[PDB]
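Participant: Dropping a structure here in structure tokens format, bear with me for questions.
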Amino acid sequence: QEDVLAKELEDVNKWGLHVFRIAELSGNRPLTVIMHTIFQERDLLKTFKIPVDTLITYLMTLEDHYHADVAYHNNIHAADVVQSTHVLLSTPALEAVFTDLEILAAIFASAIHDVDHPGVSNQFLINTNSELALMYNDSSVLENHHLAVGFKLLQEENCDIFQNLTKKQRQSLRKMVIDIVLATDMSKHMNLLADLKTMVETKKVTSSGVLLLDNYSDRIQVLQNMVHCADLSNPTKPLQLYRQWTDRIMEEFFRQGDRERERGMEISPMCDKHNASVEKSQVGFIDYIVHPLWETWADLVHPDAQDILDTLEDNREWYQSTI
Amino acid sequence: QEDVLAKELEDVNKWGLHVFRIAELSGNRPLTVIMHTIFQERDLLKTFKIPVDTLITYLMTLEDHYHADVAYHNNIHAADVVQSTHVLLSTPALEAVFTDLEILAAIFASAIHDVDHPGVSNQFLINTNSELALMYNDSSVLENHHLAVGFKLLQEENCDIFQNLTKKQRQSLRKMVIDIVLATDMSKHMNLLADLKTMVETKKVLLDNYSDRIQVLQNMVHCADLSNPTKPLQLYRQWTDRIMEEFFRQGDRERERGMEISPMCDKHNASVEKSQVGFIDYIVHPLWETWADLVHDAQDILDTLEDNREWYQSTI
Ligand SMILES: CC(C)=CCc1cc(-c2coc3cc(O)cc(O)c3c2=O)cc(O)c1O
Ligand SMILES: CC(C)=CCc1cc(-c2coc3cc(O)cc(O)c3c2=O)cc(O)c1O
Ligand SMILES: [Mg+2]
Ligand SMILES: [Mg+2]
Ligand SMILES: [Zn+2]
Ligand SMILES: [Zn+2]
């Protein structure tokens with residue numbers, strides 16, 4: 001079983017990794033083994049003098065703080081977003097654009113970006129007067145919480161994977177991770193996409209053909225959109241992966257809708273199991289959210305993401321054909 | 001003693017209220033007695049069916065969560081900002097332009113806007129890796145905490161002063177209070193002033209959209225927060241003595257930690273008088289001159305600020 005796990009992890013640079021199989025083969029430790037594999041692949045332990053036992057201890061504590069009883073926003077989602085960000089960071093149009101610290105920030109941000117997610121949305125938490133929404137003044141409630149937990153766990157015993165960064169490196173990494181995870185709030189999607197479109201329309205490329213990003217605002221904008229694309233990458237994956245993700249988010253959504261219905265609340269979009277059309281909802285999700293975002297990312301890195309976009313478009317056609 | 005307190009509160013509608021006297025005669029309850037007076041002055045208990053016992057219970061609990069061992073950011077500052085907003089709200093040029101709910105929000109936001117303040121700055125909390133900064137991801141750390149405490153206290157026994165607001169009214173009030181208190185973060189001052197300037201350049205004599213009206217309310221409570229240099233000099237000097245005690249204690253902690261000492265916090269290299277002229281020239285007067293242009297009613301306030309700047313300059 002360890003042999004089969006190791007073979008599957010050889011695919012870590014590939015879009016469409018068998019992440020659900022890795023979750024099973026690793027004993028429900030997909031986030032730990034995928035993060036460890038990616039850190040070895042990118043030589044991040046050596047670069048940042050991360051002790052291996054510290055990395056594994058932190059990753060296993062981080063993974064523990066995802067909820068195994070939440071169908072979608074769990075450690076497998078986190079592992080998937082990590083691995084998807086890792087692939088997007090390797091795209092030819094971004095070669096040697098980002099520093100090792102920025103790479104570390106994007107991957108760490110992906111790993112923590114949904115930690116301790118309770119399986120209900122920000123609006124649900126706001127409208128039910130939850131303790132989380134009271135703490136965070138109704139503003140990026142979940143995303144602030146994910147950051148606070150992900151950083152606080154670094155202070156547990158033998159968990160500070162950043163123990164050997166300089167003070168300036170720690171300060172820069174913390175700021176970038178915050179900026180990235182806050183951009184995963186879906187209420188920011190339209191403004192994030194609008195800004196990404198502006199960047200594509202005005203983009204500059206170097207003599208080597210890679211993207212030119214010469215200020216923090218542009219650099220962090222690209223990393224924010226990269227992790228947001230990774231977060232919204234399920235419809236761009238091979239259909240058997242996409243369908244499993246859809247089964248899971250519909251389970252989580254319907255359970256939130258059941259709580260809304262029981263409380264006499266208006267049921268959130270896609271959350272009413274009695275008035276649901278999963279197929280129509282996926283075509284709409286792709287048409288109005290996922291394809292506008294990914295076609296813009298594809299333009300930013302053209303032609304690198306053409307196969308990903310093609311898969312998205314094929315999956316949209318497949319779902320539409322079932323209507 | 002109770003009779004003298006009642007007579008001091010007769011000036012609740014005037015700039016320059018004797019708030020330190022009121023703090024003394026109240027048994028250190030200036031926030032509770034001044035909020036109660038202003039609520040009764042504005043008929044807010046009957047209007048929002050606020051049980052008077054519930055108002056008092058909430059106010060006393062809120063006041064208890066201001067730190068009595070913090071020289072400036074305490075319940076007397078809260079009471080002063082409440083009363084200053086109350087005076088700015090009754091500006092003739094703003095007559096009947098805000099609803100009773102928005103008035104409630106501006107006054108409530110002022111009352112809670114610094115609650116549970118530890119007497120050190122956001123940058124201090126960030127650079128010391130505090131629990132507060134870990135909770136709030138280095139972003140408006142104190143202001144987010146002030147809001148969270150002020151609202152959480154409504155859930156204590158017999159403290160829900162908004163119990164008879166409709167569900168929509170509570171949602172709207174909550175949003176406006178958050179928008180206002182988050183705007184008291186001093187790192188937002190320049191952007192807030194820039195937008196107030198844009199509003200003055202386009203002023204109609206009248207704010208039609210919520211964006212503009214919340215912007216005025218944000219700037220109004222920010223002016224009230226930065227109103228000490230516009231008060232009668234005897235009050236302003238007391239406020240300056242208090243904030244310099246708080247600043248010097250923070251700078252002592254920064255020095256001992258080996259941190260950069262924040263502006264005005266190094267007692268061994270301080271000039272309080274030069275600091276005040278700089279504070280007025282670069283922050284307070286540009287803000288209040290813009291406000292006075294918006295309400296062109298604030299002339300007596302701006303005059304006092306300019307008088308006080310002239311005096312502090314003369315002490316150099
Ligand atoms: C359109 C509205 C109201 C909200 C956007 C929104 C969408 C998702 C989401 C994520 O991953 C999916 C994966 C699938 O495979 C299928 C899916 O449908 C989804 C989703 O829907 C999660 C949100 O938290 C959220 O806000
Ligand atoms: C210049 C920097 C670094 C920060 C500006 C800044 C200034 C104050 C402040 C408030 O009320 C005062 C009252 C007085 O009577 C005299 C005073 O000097 C002050 C002040 O200075 C409070 C801040 O929270 C803050 O950030
Ligand atoms: Mg999320
Ligand atoms: Mg404050
Ligand atoms: Zn996510
Ligand atoms: Zn204040």
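Labels for the structure tokens follow display order: chains A, B, ..., residues from 1 in each chain, ligands from 1.
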Report as a tab-separated table: every residue of region 66-101 of chain B with an atom at most 9 Å from region 109-129 of chain B, its closest pair of atoms, and their distance in Å to one decimal, counting only C-alpha atoms, with rows sorted by chain and ascending residue number.
Facilitator:
```
residue	atom	partner	partner_atom	distance
B:66	CA	B:116	CA	4.9
B:67	CA	B:116	CA	6.3
B:69	CA	B:119	CA	8.8
B:70	CA	B:119	CA	5.6
B:71	CA	B:119	CA	7.7
B:72	CA	B:119	CA	7.6
B:73	CA	B:117	CA	6.3
B:74	CA	B:117	CA	7.3
B:75	CA	B:115	CA	7.9
B:77	CA	B:114	CA	8.4
B:78	CA	B:111	CA	5.4
B:79	CA	B:111	CA	6.6
B:80	CA	B:110	CA	8.9
B:81	CA	B:110	CA	5.9
B:82	CA	B:110	CA	5.0
B:83	CA	B:110	CA	8.6
B:85	CA	B:110	CA	7.2
```
Participant: Restricting it to N, CA and C atoms, dump the selection as a tab-separated table (two decimals), in the first residue's frame.
Facilitator:
```
chain	number	residue	atom	x	y	z
B	66	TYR	N	-13.94	49.17	29.64
B	66	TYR	CA	-12.85	50.11	29.46
B	66	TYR	C	-11.89	49.99	30.64
B	67	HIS	N	-10.59	50.07	30.37
B	67	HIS	CA	-9.59	49.83	31.41
B	67	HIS	C	-9.35	51.08	32.25
B	69	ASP	N	-6.92	51.53	34.25
B	69	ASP	CA	-5.49	51.79	34.38
B	69	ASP	C	-4.84	52.19	33.06
B	70	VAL	N	-5.65	52.59	32.08
B	70	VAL	CA	-5.16	53.13	30.82
B	70	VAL	C	-5.47	54.62	30.83
B	71	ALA	N	-4.44	55.45	30.66
B	71	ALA	CA	-4.58	56.88	30.97
B	71	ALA	C	-5.47	57.63	29.98
B	72	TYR	N	-5.48	57.24	28.71
B	72	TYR	CA	-6.24	57.95	27.70
B	72	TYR	C	-7.39	57.12	27.14
B	73	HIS	N	-7.11	55.91	26.65
B	73	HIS	CA	-8.14	55.14	25.97
B	73	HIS	C	-9.01	54.40	26.99
B	74	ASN	N	-9.79	55.18	27.73
B	74	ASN	CA	-10.62	54.64	28.80
B	74	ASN	C	-12.05	55.14	28.67
B	75	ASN	N	-12.87	54.95	29.71
B	75	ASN	CA	-14.27	55.33	29.63
B	75	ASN	C	-14.49	56.84	29.52
B	77	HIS	N	-12.54	58.96	27.67
B	77	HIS	CA	-12.41	59.15	26.22
B	77	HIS	C	-13.68	58.71	25.50
B	78	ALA	N	-14.19	57.52	25.82
B	78	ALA	CA	-15.43	57.05	25.21
B	78	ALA	C	-16.57	58.04	25.44
B	79	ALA	N	-16.72	58.52	26.68
B	79	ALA	CA	-17.80	59.45	26.98
B	79	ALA	C	-17.63	60.75	26.20
B	80	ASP	N	-16.38	61.22	26.10
B	80	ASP	CA	-16.08	62.44	25.37
B	80	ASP	C	-16.36	62.29	23.88
B	81	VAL	N	-16.00	61.15	23.30
B	81	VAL	CA	-16.27	60.98	21.88
B	81	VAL	C	-17.78	60.86	21.63
B	82	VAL	N	-18.50	60.19	22.54
B	82	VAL	CA	-19.96	60.13	22.44
B	82	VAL	C	-20.55	61.53	22.43
B	83	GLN	N	-20.13	62.36	23.38
B	83	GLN	CA	-20.74	63.67	23.52
B	83	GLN	C	-20.35	64.57	22.35
B	85	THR	N	-19.68	63.51	19.25
B	85	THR	CA	-20.51	63.11	18.13
B	85	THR	C	-21.93	63.64	18.28
```
Participant: Any chance you could tabulate, as JSON lines, the residues of chain B at most 12 Å from chain A with each one's nearest atom pair and distance in Å to one decimal, using only C-alpha atoms, in chain and rising number order?
Facilitator:
```
{"residue": "B:126", "atom": "CA", "partner": "A:171", "partner_atom": "CA", "distance": 10.1}
{"residue": "B:127", "atom": "CA", "partner": "A:171", "partner_atom": "CA", "distance": 9.2}
{"residue": "B:128", "atom": "CA", "partner": "A:171", "partner_atom": "CA", "distance": 11.7}
{"residue": "B:129", "atom": "CA", "partner": "A:171", "partner_atom": "CA", "distance": 10.5}
{"residue": "B:130", "atom": "CA", "partner": "A:152", "partner_atom": "CA", "distance": 10.9}
{"residue": "B:131", "atom": "CA", "partner": "A:152", "partner_atom": "CA", "distance": 9.1}
{"residue": "B:132", "atom": "CA", "partner": "A:148", "partner_atom": "CA", "distance": 10.0}
{"residue": "B:133", "atom": "CA", "partner": "A:148", "partner_atom": "CA", "distance": 9.1}
{"residue": "B:134", "atom": "CA", "partner": "A:148", "partner_atom": "CA", "distance": 5.8}
{"residue": "B:135", "atom": "CA", "partner": "A:148", "partner_atom": "CA", "distance": 5.3}
{"residue": "B:136", "atom": "CA", "partner": "A:144", "partner_atom": "CA", "distance": 6.9}
{"residue": "B:137", "atom": "CA", "partner": "A:148", "partner_atom": "CA", "distance": 6.7}
{"residue": "B:138", "atom": "CA", "partner": "A:175", "partner_atom": "CA", "distance": 8.4}
{"residue": "B:139", "atom": "CA", "partner": "A:178", "partner_atom": "CA", "distance": 9.6}
{"residue": "B:140", "atom": "CA", "partner": "A:136", "partner_atom": "CA", "distance": 11.0}
{"residue": "B:141", "atom": "CA", "partner": "A:136", "partner_atom": "CA", "distance": 10.4}
{"residue": "B:142", "atom": "CA", "partner": "A:136", "partner_atom": "CA", "distance": 11.8}
{"residue": "B:143", "atom": "CA", "partner": "A:137", "partner_atom": "CA", "distance": 10.1}
{"residue": "B:144", "atom": "CA", "partner": "A:136", "partner_atom": "CA", "distance": 6.9}
{"residue": "B:145", "atom": "CA", "partner": "A:135", "partner_atom": "CA", "distance": 7.6}
{"residue": "B:146", "atom": "CA", "partner": "A:135", "partner_atom": "CA", "distance": 10.1}
{"residue": "B:147", "atom": "CA", "partner": "A:137", "partner_atom": "CA", "distance": 7.1}
{"residue": "B:148", "atom": "CA", "partner": "A:135", "partner_atom": "CA", "distance": 5.4}
{"residue": "B:149", "atom": "CA", "partner": "A:135", "partner_atom": "CA", "distance": 8.4}
{"residue": "B:150", "atom": "CA", "partner": "A:134", "partner_atom": "CA", "distance": 10.0}
{"residue": "B:151", "atom": "CA", "partner": "A:134", "partner_atom": "CA", "distance": 7.4}
{"residue": "B:152", "atom": "CA", "partner": "A:134", "partner_atom": "CA", "distance": 7.1}
{"residue": "B:153", "atom": "CA", "partner": "A:134", "partner_atom": "CA", "distance": 10.9}
{"residue": "B:154", "atom": "CA", "partner": "A:134", "partner_atom": "CA", "distance": 11.2}
{"residue": "B:155", "atom": "CA", "partner": "A:129", "partner_atom": "CA", "distance": 11.0}
{"residue": "B:167", "atom": "CA", "partner": "A:127", "partner_atom": "CA", "distance": 10.4}
{"residue": "B:168", "atom": "CA", "partner": "A:127", "partner_atom": "CA", "distance": 11.2}
{"residue": "B:170", "atom": "CA", "partner": "A:127", "partner_atom": "CA", "distance": 11.4}
{"residue": "B:171", "atom": "CA", "partner": "A:127", "partner_atom": "CA", "distance": 9.1}
{"residue": "B:174", "atom": "CA", "partner": "A:137", "partner_atom": "CA", "distance": 8.7}
{"residue": "B:175", "atom": "CA", "partner": "A:138", "partner_atom": "CA", "distance": 8.5}
{"residue": "B:176", "atom": "CA", "partner": "A:137", "partner_atom": "CA", "distance": 11.1}
{"residue": "B:177", "atom": "CA", "partner": "A:137", "partner_atom": "CA", "distance": 9.8}
{"residue": "B:178", "atom": "CA", "partner": "A:137", "partner_atom": "CA", "distance": 6.7}
{"residue": "B:179", "atom": "CA", "partner": "A:137", "partner_atom": "CA", "distance": 9.5}
{"residue": "B:180", "atom": "CA", "partner": "A:137", "partner_atom": "CA", "distance": 11.9}
{"residue": "B:181", "atom": "CA", "partner": "A:137", "partner_atom": "CA", "distance": 10.6}
{"residue": "B:182", "atom": "CA", "partner": "A:137", "partner_atom": "CA", "distance": 9.7}
```
Participant: Atoms to include: N, CA and C atoms. Write the selected residues as a short mmCIF file (atom, residue, chain, number, x, y, z; two decimals), in the first residue's frame.
Facilitator:
```cif
data_model
loop_
_atom_site.label_atom_id
_atom_site.label_comp_id
_atom_site.auth_asym_id
_atom_site.auth_seq_id
_atom_site.Cartn_x
_atom_site.Cartn_y
_atom_site.Cartn_z
N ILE B 126 0.84 44.23 16.52
CA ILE B 126 1.32 43.43 15.38
C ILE B 126 2.77 43.01 15.59
N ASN B 127 3.62 43.97 15.97
CA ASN B 127 5.05 43.67 16.03
C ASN B 127 5.43 42.82 17.24
N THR B 128 4.55 42.70 18.23
CA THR B 128 4.80 41.82 19.36
C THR B 128 4.11 40.47 19.19
N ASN B 129 3.49 40.22 18.03
CA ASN B 129 2.85 38.93 17.77
C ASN B 129 1.80 38.61 18.83
N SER B 130 1.02 39.63 19.20
CA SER B 130 -0.01 39.51 20.21
C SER B 130 -1.11 38.53 19.78
N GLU B 131 -1.85 38.06 20.79
CA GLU B 131 -3.04 37.25 20.52
C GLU B 131 -4.06 38.02 19.69
N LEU B 132 -4.27 39.31 19.99
CA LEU B 132 -5.19 40.13 19.21
C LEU B 132 -4.78 40.19 17.75
N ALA B 133 -3.50 40.43 17.48
CA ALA B 133 -3.08 40.53 16.08
C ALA B 133 -3.15 39.18 15.38
N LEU B 134 -2.94 38.08 16.11
CA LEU B 134 -3.10 36.74 15.54
C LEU B 134 -4.57 36.50 15.18
N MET B 135 -5.48 36.96 16.04
CA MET B 135 -6.90 36.77 15.77
C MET B 135 -7.35 37.53 14.53
N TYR B 136 -6.85 38.76 14.37
CA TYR B 136 -7.37 39.70 13.38
C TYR B 136 -6.43 39.89 12.20
N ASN B 137 -5.38 39.06 12.06
CA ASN B 137 -4.57 39.04 10.83
C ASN B 137 -4.00 40.42 10.51
N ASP B 138 -3.55 41.11 11.56
CA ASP B 138 -2.82 42.37 11.51
C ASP B 138 -3.64 43.53 10.94
N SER B 139 -4.94 43.34 10.73
CA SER B 139 -5.77 44.31 10.02
C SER B 139 -6.78 44.94 10.98
N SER B 140 -6.67 46.26 11.17
CA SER B 140 -7.50 47.03 12.12
C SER B 140 -7.72 46.22 13.39
N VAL B 141 -6.61 45.82 14.01
CA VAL B 141 -6.68 44.81 15.07
C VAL B 141 -7.54 45.30 16.22
N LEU B 142 -7.20 46.48 16.77
CA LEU B 142 -7.96 47.01 17.89
C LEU B 142 -9.40 47.28 17.51
N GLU B 143 -9.61 47.90 16.35
CA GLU B 143 -10.96 48.33 15.99
C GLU B 143 -11.88 47.14 15.80
N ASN B 144 -11.36 46.05 15.22
CA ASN B 144 -12.18 44.84 15.13
C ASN B 144 -12.52 44.31 16.52
N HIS B 145 -11.55 44.35 17.44
CA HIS B 145 -11.81 43.89 18.80
C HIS B 145 -12.83 44.77 19.52
N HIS B 146 -12.71 46.11 19.40
CA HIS B 146 -13.67 47.01 20.04
C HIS B 146 -15.09 46.67 19.60
N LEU B 147 -15.27 46.47 18.29
CA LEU B 147 -16.58 46.09 17.77
C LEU B 147 -17.06 44.78 18.37
N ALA B 148 -16.20 43.75 18.33
CA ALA B 148 -16.62 42.43 18.78
C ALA B 148 -17.03 42.44 20.25
N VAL B 149 -16.27 43.14 21.09
CA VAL B 149 -16.63 43.28 22.51
C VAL B 149 -17.93 44.07 22.67
N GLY B 150 -18.03 45.22 21.99
CA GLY B 150 -19.22 46.05 22.15
C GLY B 150 -20.49 45.30 21.78
N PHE B 151 -20.43 44.50 20.73
CA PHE B 151 -21.60 43.74 20.34
C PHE B 151 -21.83 42.53 21.24
N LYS B 152 -20.75 41.84 21.64
CA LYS B 152 -20.93 40.65 22.49
C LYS B 152 -21.59 41.02 23.80
N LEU B 153 -21.29 42.20 24.33
CA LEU B 153 -21.87 42.61 25.60
C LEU B 153 -23.39 42.75 25.54
N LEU B 154 -23.96 42.97 24.35
CA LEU B 154 -25.41 42.97 24.21
C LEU B 154 -26.04 41.65 24.62
N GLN B 155 -25.28 40.56 24.62
CA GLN B 155 -25.82 39.24 24.95
C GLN B 155 -25.79 38.94 26.44
N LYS B 167 -35.82 43.12 12.76
CA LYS B 167 -34.66 42.35 12.32
C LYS B 167 -33.86 43.12 11.27
N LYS B 168 -34.56 43.80 10.36
CA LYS B 168 -33.88 44.62 9.36
C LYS B 168 -33.18 45.81 10.00
N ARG B 170 -31.94 45.98 13.01
CA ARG B 170 -30.72 45.51 13.68
C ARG B 170 -29.62 45.22 12.66
N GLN B 171 -29.97 44.61 11.52
CA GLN B 171 -28.97 44.34 10.49
C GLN B 171 -28.36 45.63 9.95
N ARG B 174 -26.19 47.28 12.73
CA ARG B 174 -24.93 46.56 12.89
C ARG B 174 -23.96 46.92 11.79
N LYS B 175 -24.44 46.99 10.55
CA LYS B 175 -23.54 47.29 9.44
C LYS B 175 -22.95 48.68 9.58
N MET B 176 -23.80 49.66 9.90
CA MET B 176 -23.31 51.03 10.03
C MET B 176 -22.33 51.17 11.18
N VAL B 177 -22.61 50.53 12.33
CA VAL B 177 -21.69 50.62 13.46
C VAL B 177 -20.32 50.05 13.09
N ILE B 178 -20.30 48.90 12.40
CA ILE B 178 -19.03 48.31 11.97
C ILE B 178 -18.29 49.27 11.04
N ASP B 179 -19.00 49.81 10.04
CA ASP B 179 -18.38 50.72 9.09
C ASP B 179 -17.78 51.92 9.80
N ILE B 180 -18.48 52.44 10.82
CA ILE B 180 -18.00 53.63 11.52
C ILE B 180 -16.79 53.29 12.40
N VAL B 181 -16.89 52.24 13.23
CA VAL B 181 -15.77 51.98 14.14
C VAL B 181 -14.52 51.57 13.36
N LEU B 182 -14.67 50.77 12.30
CA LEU B 182 -13.49 50.43 11.50
C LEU B 182 -12.83 51.68 10.92
#
```
Participant: At a cut-off of 7 Å around ligand 3, and using only C-alpha atoms and all ligand atoms, what residues come up? Please write them as a ChimeraX atom specification.
Facilitator: /A:113-114,142-143,184-185
Participant: Restricting the output to N, CA, C and O atoms, write the selected residues as a compact mmCIF listing (two decimals), in the first residue's frame.
Facilitator:
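Contents of the output file selection-v2.txt:
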```txt
# COMPACT_ATOMS: atom_id res chain seq x y z
N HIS A 113 -5.94 27.30 3.73
CA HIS A 113 -6.90 28.31 3.32
C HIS A 113 -8.33 28.01 3.73
O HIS A 113 -9.14 28.97 3.73
N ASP A 114 -8.66 26.76 4.10
CA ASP A 114 -10.00 26.44 4.59
C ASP A 114 -9.97 25.73 5.95
O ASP A 114 -10.93 25.06 6.31
N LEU A 142 -15.12 33.45 7.56
CA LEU A 142 -14.40 32.19 7.50
C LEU A 142 -12.93 32.41 7.21
O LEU A 142 -12.07 31.78 7.83
N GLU A 143 -12.63 33.28 6.24
CA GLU A 143 -11.27 33.41 5.75
C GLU A 143 -10.35 33.99 6.82
O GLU A 143 -9.20 33.54 6.96
N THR A 184 -9.61 34.50 -1.14
CA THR A 184 -10.42 33.33 -1.43
C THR A 184 -11.87 33.51 -1.00
O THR A 184 -12.69 32.65 -1.33
N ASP A 185 -12.20 34.60 -0.31
CA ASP A 185 -13.58 34.94 -0.01
C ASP A 185 -14.35 35.16 -1.32
O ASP A 185 -14.01 36.04 -2.10
```
Participant: Which residues, written as a PyMOL selection string, have at least one atom at most 12 Å from residue 229 (chain B), with only C-alpha atoms counted and residues fewer than 6 positions away on the same chain left out?
Facilitator: chain B and resi 15-16+223+235-240+276-281+283-285+287-288+301-312
Participant: Fewer than 4 positions away in the same chain doesn't count, so skip those; otherwise give me all residues within 9 Å of residue 9 (chain B), counting only C-alpha atoms, as a PyMOL selection string.
Facilitator: chain B and resi 4-5+13+17-19+22+33-34+37
Participant: For ligand 4, which of B:225, B:102, B:245, B:2 is the closest residue, counting only C-alpha atoms and all ligand atoms?
Facilitator: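 Of all the options, B:225 lies closest to ligand 4.
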Participant: Nearest to residue 186 (chain A) among A:60, A:159, A:89, A:290, with distances taken over only C-alpha atoms: which residue is it?
Facilitator: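 Selected residue with least distance to residue 186 (chain A): A:290.
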Participant: Can you work out which one of A:204, A:77, A:189, A:259 has the shortest atom-to-atom distance to ligand 5, counting only C-alpha atoms and all ligand atoms?
Facilitator: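 Of A:204, A:77, A:189, A:259, the one nearest ligand 5, counting only C-alpha atoms and all ligand atoms, is A:77.
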Participant: I'd like a table as a Markdown table: residues in chain A with an atom no more than 6 Å from ligand 1, each row giving the shortest atom pair and its distance in Å to one decimal, only C-alpha atoms and all ligand atoms counted, sorted by chain and rising residue number.
Facilitator:
```
| residue | atom | partner | partner_atom_place_in_ligand_line | distance |
| --- | --- | --- | --- | --- |
| A:186 | CA | ligand 1 | 26 (O) | 5.2 |
| A:232 | CA | ligand 1 | 11 (O) | 5.9 |
| A:234 | CA | ligand 1 | 15 (O) | 5.1 |
| A:235 | CA | ligand 1 | 15 (O) | 5.8 |
| A:242 | CA | ligand 1 | 15 (O) | 5.1 |
| A:245 | CA | ligand 1 | 15 (O) | 4.2 |
| A:246 | CA | ligand 1 | 15 (O) | 3.4 |
| A:249 | CA | ligand 1 | 12 (C) | 5.9 |
| A:269 | CA | ligand 1 | 3 (C) | 5.3 |
| A:282 | CA | ligand 1 | 18 (O) | 5.7 |
```
Participant: When you look at region 33-46 of chain A with a cut-off of 9 Å (counting only C-alpha atoms), what residues show up, excluding the ones that are within fewer than 4 positions of it in the same chain? I need them as a PyMOL selection string.
Facilitator: chain A and resi 9-10+12-13+19+22-23+26+29+50-52+55-56+59+79-80+82-83+86+100+104+107-108+111
Participant: Go ahead and save the picked residues with N, CA and C atoms, as a short mmCIF file (atom, residue, chain, number, x, y, z; two decimals), in the first residue's frame.
Facilitator:
```
data_model
loop_
_atom_site.label_atom_id
_atom_site.label_comp_id
_atom_site.auth_asym_id
_atom_site.auth_seq_id
_atom_site.Cartn_x
_atom_site.Cartn_y
_atom_site.Cartn_z
N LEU A 9 2.01 9.40 -5.90
CA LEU A 9 2.58 10.72 -5.64
C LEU A 9 3.59 11.13 -6.71
N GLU A 10 4.03 10.20 -7.56
CA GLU A 10 4.85 10.59 -8.71
C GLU A 10 4.10 11.52 -9.66
N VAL A 12 2.52 14.22 -8.86
CA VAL A 12 2.20 15.47 -8.18
C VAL A 12 2.37 16.69 -9.07
N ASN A 13 3.11 16.60 -10.17
CA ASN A 13 3.24 17.74 -11.07
C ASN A 13 2.15 17.77 -12.14
N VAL A 19 -6.32 12.37 -6.32
CA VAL A 19 -6.21 12.88 -4.95
C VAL A 19 -7.09 12.08 -4.01
N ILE A 22 -5.11 8.98 -3.24
CA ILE A 22 -4.04 9.32 -2.31
C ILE A 22 -4.59 9.50 -0.90
N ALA A 23 -5.79 10.10 -0.77
CA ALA A 23 -6.38 10.23 0.56
C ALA A 23 -6.60 8.88 1.21
N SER A 26 -3.07 6.98 1.93
CA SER A 26 -2.30 7.62 2.98
C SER A 26 -2.99 7.55 4.33
N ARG A 29 -4.48 11.04 5.07
CA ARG A 29 -3.50 12.12 5.24
C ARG A 29 -3.09 12.69 3.88
N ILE A 50 13.98 23.86 6.99
CA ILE A 50 12.82 23.33 7.70
C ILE A 50 13.16 21.92 8.17
N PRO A 51 13.22 21.66 9.48
CA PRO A 51 13.43 20.28 9.91
C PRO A 51 12.27 19.39 9.47
N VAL A 52 12.61 18.19 8.99
CA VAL A 52 11.56 17.36 8.40
C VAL A 52 10.53 16.96 9.45
N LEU A 55 8.14 19.83 9.93
CA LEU A 55 7.19 19.91 8.82
C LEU A 55 6.09 18.87 8.96
N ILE A 56 6.46 17.62 9.25
CA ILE A 56 5.45 16.57 9.34
C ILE A 56 4.54 16.81 10.55
N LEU A 59 2.17 19.65 9.61
CA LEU A 59 1.19 19.24 8.61
C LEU A 59 0.13 18.32 9.21
N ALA A 79 -5.70 19.54 0.25
CA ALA A 79 -4.62 18.89 -0.49
C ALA A 79 -4.74 19.19 -1.98
N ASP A 80 -5.97 19.13 -2.49
CA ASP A 80 -6.22 19.40 -3.90
C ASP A 80 -5.85 20.83 -4.27
N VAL A 82 -3.71 22.83 -2.71
CA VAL A 82 -2.25 22.84 -2.66
C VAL A 82 -1.65 22.30 -3.95
N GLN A 83 -2.09 21.13 -4.38
CA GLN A 83 -1.44 20.52 -5.53
C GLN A 83 -1.76 21.30 -6.80
N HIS A 86 0.46 24.26 -6.83
CA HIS A 86 1.80 23.80 -7.18
C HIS A 86 1.95 23.65 -8.69
N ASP A 100 11.52 32.16 -4.00
CA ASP A 100 11.26 31.02 -3.13
C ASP A 100 10.29 31.39 -2.00
N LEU A 104 6.74 29.68 -1.35
CA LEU A 104 6.38 29.15 -0.03
C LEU A 104 5.07 29.75 0.47
N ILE A 107 1.97 28.25 -1.51
CA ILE A 107 1.68 26.86 -1.14
C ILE A 107 1.17 26.78 0.30
N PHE A 108 1.81 27.48 1.25
CA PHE A 108 1.33 27.47 2.63
C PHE A 108 -0.08 28.05 2.72
N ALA A 111 -2.54 25.51 1.71
CA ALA A 111 -2.71 24.43 2.68
C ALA A 111 -3.63 24.83 3.83
#
```
Participant: Between CA of residue 219 (chain B) and CA of residue 183 (chain A), what is the distance in Å, rounded to a tenth?
Facilitator: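 Here the two named atoms are 27.6 Å from each other.
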Participant: Run DSSP on the backbone and give me the residues of region 65-262 of chain B it puts in alpha helix (DSSP H), as a VMD selection string.
Facilitator: chain B and resid 75 to 89 100 to 112 122 to 127 131 to 136 141 to 152 167 to 182 189 to 201 210 to 225 233 to 257
